[PDB]
Amino acid sequence: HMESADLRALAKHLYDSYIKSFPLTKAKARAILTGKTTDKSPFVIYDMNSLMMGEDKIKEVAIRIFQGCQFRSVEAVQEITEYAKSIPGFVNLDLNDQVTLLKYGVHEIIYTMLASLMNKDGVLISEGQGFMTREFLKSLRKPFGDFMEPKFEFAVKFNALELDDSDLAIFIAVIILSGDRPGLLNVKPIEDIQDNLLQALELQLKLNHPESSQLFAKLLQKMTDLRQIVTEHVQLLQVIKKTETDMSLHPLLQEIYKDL
Amino acid sequence: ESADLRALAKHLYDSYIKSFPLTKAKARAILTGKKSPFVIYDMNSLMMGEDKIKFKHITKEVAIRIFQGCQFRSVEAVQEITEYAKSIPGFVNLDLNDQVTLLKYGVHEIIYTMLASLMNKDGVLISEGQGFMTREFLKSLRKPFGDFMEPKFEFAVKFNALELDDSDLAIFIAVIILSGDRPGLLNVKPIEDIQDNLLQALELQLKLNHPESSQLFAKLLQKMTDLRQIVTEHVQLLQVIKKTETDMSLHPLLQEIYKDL
Ligand SMILES: O=C(O)c1ccc(-c2nn(C(=O)c3c(Cl)cccc3C(F)(F)F)c3ccc(Cl)cc23)c(OCc2ncccn2)c1
Ligand SMILES: O=C(O)c1ccc(-c2nn(C(=O)c3c(Cl)cccc3C(F)(F)F)c3ccc(Cl)cc23)c(OCc2ncccn2)c1
């Protein structure tokens with residue numbers, strides 16, 4: 001049990017690092033999506049021709065879009081790794097466990113943070129300069145169309161929680177410091193860190209969302225929807241791999257899936 | 001208010017005790033050796049136990065008969081969980097289709113959960129604590145059945161490290177039943193309203209019953225992740241067994257009884 005002032009200190013530290021680590025925050029994404037402004041309005045990609053035009057403004061189309069997603073995913077792994085290093089105690093853990101926590105945590109975090117860029121109608125891309133519609137992604141051929149849509153399905157549900165970045169900074173940290181990842185050597189020091197982060201998340205959610213009953217429990221229950229979609233995702237990639245030779249994953253993603 | 005949450009907690013404990021034949025408290029006294037159960041550790045001792053104790057489940061090839069014995073007992077537990085659900089305040093007031101949907105999609109998670117109460121690292125109680133079948137004998141069953149039994153123990157051992165007691169579990173079980181994300185629910189709001197009450201009661205219960213166990217509430221909810229994961233694994237294991245095994249036909253009425261499991 002930490003002292004209340006120490007838990008507030010931890011929350012601010014983590015929000016501050018989250019802001020330094022991730023260039024496109026939820027607050028910026030929501031300002032772009034909600035609009036009103038003339039200076040931050042995205043170009044909208046909703047069909048083939050607008051895609052071609054989008055490349056002038058900002059191999060097969062579905063493959064090109066798929067490769068756009070892994071390029072950003074790789075970048076996200078880099079951003080998530082930098083953030084993890086800022087979590088108090090993380091760089092002090094056994095070095096193999098650091099790799100293990102990142103290996104199994106980044107995908108859950110990418111999905112979580114992907115939701116910040118989504119509404120029910122599409123997703124922000126190219127650092128907010130673009131917006132690709134959900135219907136266009138869903139209409140891609142072969143396996144790729146159905147590969148796009150489950151992310152939207154989770155995001156619509158996660159976004160009903162109305163978390164802001166200061167909440168998400170702690171949530172993300174909790175996910176990374178999971179003592180139940182396969183193959184961890186020293187679970188106790190990981191769980192001790194998570195206990196503090198969980199205490200910090202609990203107090204953060206009560207102060208920032210006082211009228212939102214049991215949001216702490218409901219957010220932890222979302223770590224369940226995350227676990228399942230990551231497993232679905234992996235089994236979709238494998239199917240794509242056994243079909244498509246016109247693609248190859250970045251060595252960073254390359255290694256992460258090796259263990260699944 | 002705290003006294004209302006304690007009331008709800010005691011209400012659920014009382015009902016939990018009437019609904020389930022073997023409580024975790026009684027099961028642990030048997031497992032720790034604190035009237036010895038009959039021990040099934042190999043083929044010959046299995047033969048004697050059914051001739052001496054006459055287990056109604058295990059009664060074809062031996063690995064198949066044990067597997068079907070687990071399916072028989074699961075069918076019994078479904079009825080026990082269903083009766084318990086009726087005691088959860090607000091449950092019988094839900095739309096009847098939603099009551100059936102919540103039970104349909106929750107019984108598997110609850111059965112794994114309560115199975116842990118009857119398990120330790122060395123085996124599992126059966127027949128209301130009268131028998132004990134070793135983990136090694138179950139794990140050593142041939143073909144797919146051996147690998148079907150062992151994941152249950154692996155989950156149980158990790159879940160049991162939480163050291164929940166029956167008063168804790170009665171509320172936990174109720175939380176699982178009142179999941180508003182089950183497919184096909186017609187009216188989600190009253191289910192989530194009830195789950196919110198039960199979570200408050202579970203949170204308070206764990207702080208009072210386990211004051212030294214930091215963040216036990218969060219860790220128990222995180223186990224809903226392991227529960228969802230193993231139940232879906234469970235499903236893919238049954239499908240393989242069904243599509244593979246031709247020595248599995250029971251009387252068609254028996255097949256009807258077991259459908260869904
Ligand atoms: O900015 C960000 O933070 C971001 C994070 C993720 C994606 C994104 N990955 N993705 C995957 O499939 C994927 C995930 Cl989740 C994790 C690991 C590996 C992969 C992959 F290797 F398999 F690629 C998506 C599938 C559908 C959608 Cl709509 C988005 C993603 C992202 O794309 C934005 C985007 N939409 C369309 C066109 C271009 N760009 C941005
Ligand atoms: O008393 C009780 O409360 C009880 C609750 C569960 C089992 C049990 N189910 N089971 C399953 O597979 C299963 C689960 Cl988890 C959930 C839903 C459906 C099923 C099923 F339909 F597929 F059966 C097991 C697998 C392995 C083991 Cl060791 C036990 C179980 C139980 O068996 C006791 C037992 N051990 C050995 C031999 C005979 N009998 C007792």
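Basis for what follows: all heavy atoms, side chains included, without hydrogens, waters or symmetry-related copies. Letters A, B, ... mirror the listed sequences (proteins, then strands); counts begin at 1.
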Heavy-atom side-chain proximity of B:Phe91 to B:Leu102 below 4.5 angstrom: yes
Close side-chain approach of B:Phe148 and B:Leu141, heavy atoms under 4.5 Å: no
Check: B:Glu50/B:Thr59 side-chain N/O donor and acceptor closer than 3.5 Å: no
B:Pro37 vs B:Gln130 side-chain heavy atoms within contact, under 4.5 Å: no
Under 3.5 Å donor-acceptor, B:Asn97 side chain and B:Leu186 backbone: no
B:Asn187 and B:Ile191: CA distance, side-chain angles, deciding distance, side chain to side chain contact (heavy atoms under 4.5 Å, CB included) verdict: CA-CA 8 Å; B:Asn187 188 4; B:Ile191 301 164; over 6 Å; no
Least distance between heavy atoms, A:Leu168 atom then A:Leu163 atom: CD2-CD1, 4.0 Å
Taking every non-hydrogen atom, the tightest pair across A:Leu7 and A:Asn196: CD2-O, 3.8 Å
Whether B:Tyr16 and B:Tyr84 hold their rings parallel, tilted or perpendicular, with breakpoints at 30° and 60°: perpendicular
Donor-acceptor under 3.5 Å (B:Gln215 side chain, A:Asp195 main chain): no
Euclidean distance, B:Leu206 CG relative to B:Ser213 OG, rounded to 0.5 Å: 8.5 Å
Side-chain heavy atoms of A:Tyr111 within contact of A:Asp225, under 4.5 Å: no
Separation of B:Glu154 CD from B:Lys139 NZ (nearest 0.5 Å): 7.5 Å
Short side-chain to backbone donor-acceptor contact, B:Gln71 and B:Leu261, under 3.5 Å: no
Worked check of salt bridge (charged side-chain N to carboxylate O under 4.0 Å, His left out) between B:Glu192 and B:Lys189: CA-CA 5 Å; B:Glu192 283 185 335; B:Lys189 159 161 163 54; over 6 Å; no
Ring centre gap for B:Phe145 and B:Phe67 strictly below 6.0 Å: yes
Value rounded to 0.5 Å, distance of OG in B:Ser45 from CD1 in B:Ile40: 6.5 Å
Interatomic spacing from CG in B:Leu115 to CZ in B:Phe153 - rounded to 0.5 Å: 7.5 Å
Matching residue for A:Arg181 among A:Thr100, A:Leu102, A:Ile176 - test: side chain to side chain contact (heavy atoms under 4.5 Å, CB included): A:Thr100
Check: A:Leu220 and A:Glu202 side chains under 4.5 Å, non-hydrogen atoms: no
Aromatic ring pairing A:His107/A:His233, orientation class (parallel under 30°, perpendicular over 60°, tilted between): tilted
Ring-face cation contact, B:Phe20 with B:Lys24, 6.0 Å cut, 45° max: no
B:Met114 vs B:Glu80 side-chain heavy atoms within contact, under 4.5 Å: no
Side chain to side chain contact (heavy atoms under 4.5 Å, CB included) evaluation trace for B:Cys70 with B:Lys152: CA-CA 12 Å; B:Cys70 298; B:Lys152 278 67 167 177; over 6 Å; no
Spacing of CG belonging to B:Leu227 relative to CD belonging to B:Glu109, to within rounding of 0.5 Å: 6.0 Å
Student check: side-chain heavy atoms of B:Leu237 and B:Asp147 closer than 4.5 Å: no
Where B:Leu185 and B:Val188 come nearest, the two heavy atoms and their spacing: CB-CG2, 4.1 Å
Nearest heavy-atom neighbours spanning B:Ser87 and B:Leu12: O-CD2, 4.4 Å
Residue pair B:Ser2 / B:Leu204: nearest heavy atoms and the distance that separates them: O-CD2, 3.8 Å
Distance-only side-chain donor-acceptor flag, B:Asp168 / B:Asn209, under 3.5 Å: yes
Minimal non-hydrogen separation, B:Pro190 against B:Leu94, with atom names: CB-CD2, 3.8 Å
Evaluation steps, side chain to side chain contact (heavy atoms under 4.5 Å, CB included), between A:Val174 and A:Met223: CA-CA 10 Å; A:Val174 165; A:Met223 266 172 48; 4.2 Å; yes
Worked verdict on A:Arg227 versus A:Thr224 for side chain to side chain contact (heavy atoms under 4.5 Å, CB included): CA-CA 5 Å; A:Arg227 199 56 82 68; A:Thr224 282; 5.7 Å; no
Parallel, tilted or perpendicular, as decided by the 30° and 60° cut-offs, for the rings of B:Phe217 and A:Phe216: tilted
Distance-only side-chain donor-acceptor flag, A:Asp180 / A:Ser178, under 3.5 Å: no
4.5 Å side-chain heavy-atom contact, B:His210 and B:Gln205: no
Interatomic spacing from CG in B:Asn93 to CG in B:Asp98 - rounded to 0.5 Å: 12.5 Å
